[PDB]
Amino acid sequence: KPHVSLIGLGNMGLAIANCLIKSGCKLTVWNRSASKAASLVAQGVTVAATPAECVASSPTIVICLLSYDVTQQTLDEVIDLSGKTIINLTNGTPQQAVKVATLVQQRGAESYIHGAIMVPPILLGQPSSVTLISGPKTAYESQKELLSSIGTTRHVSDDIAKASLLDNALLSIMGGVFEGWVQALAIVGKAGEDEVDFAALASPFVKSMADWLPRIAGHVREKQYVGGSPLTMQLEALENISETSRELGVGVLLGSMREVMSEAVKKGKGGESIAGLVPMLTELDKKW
């Protein structure tokens, strides 16, 4: 039984706690709301009064909090991380990973690795589970056996910030897929159709879209914006989604997409493909 500490017992933190218990370690936990540890006490888990007491109990510290800001608040009075390895599974930006790595190095930590869990809690540890890890290969290799408790890990880079970079890119795709899906189900539901029958009809079409993504990535890399689906036509179809929604009394998402396509047309990029939109983003810090 290796000693492990866990900071954070939210939806994901409790899923992590159960995986670590199942795999046979001596777990110490801390959470702002100590009552979230109730389901772990029967399984032989120690609840530490403070973040400092939690970190003192183990050589390996797992963190799964809401955000970077909560992480820095929680680590404020954790003064001695000498001989400790930090595994940070908290979502944030590439620079926020560098900021926590620096905070823990300043306090004597042996090593920092960052992970992005890419499944909901119920899939953690199951065969469908993937976690992206970044940081020094020797530190990943040191932790690989512990980390197997939460499912498959993918070492994506020795650069501490890269798991968060890739996390933020993949969650952009997830955000967009869910924005389109919520809009779709709102339309079909208000129109009196069955959402589950709609999902069956849709799923072929959605897997076809996923097959197009690598061709689009190649066009973006190669700056090849010519094809058979110009932004003028795409924008006309997005405008018809708004009017379909208005006709039904349903609200309208995809506003940022309409605004960036509208400006692309004004810049004379109306004849380009969807690849044409990437340069609209890469050259200007703006919320569309």
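Heads up: residue numbers just count along the shown sequence, starting at 1.
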| query | finding |
| --- | --- |
| 166-174 set against 140-148, stretch whose average Cα temperature factor tops the other in the entry | 140-148 |
| Which of 41-49 and 61-69 has higher mean CA B factor, as the PDB entry lists it | 41-49 |
| Candidate set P121, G192, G92, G180 [ranked by C-alpha B-factor, highest] | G192 |
| Among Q96, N88, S134, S208 - the residue whose C-alpha B-factor is largest in the record | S208 |
| Chain third (lowest, middle, highest) by recorded CA B-factor, residue given as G125 | middle |
| Chain thirds of CA B-factor: placement of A56 | highest |
| Where the record places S262 (Cα B-factor, split into thirds across the chain) | middle |
| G268 - Cα temperature factor, lowest/middle/highest third of chain | highest |
| Modelled-residue ranking by C-alpha temperature factor, third containing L277 | lowest |
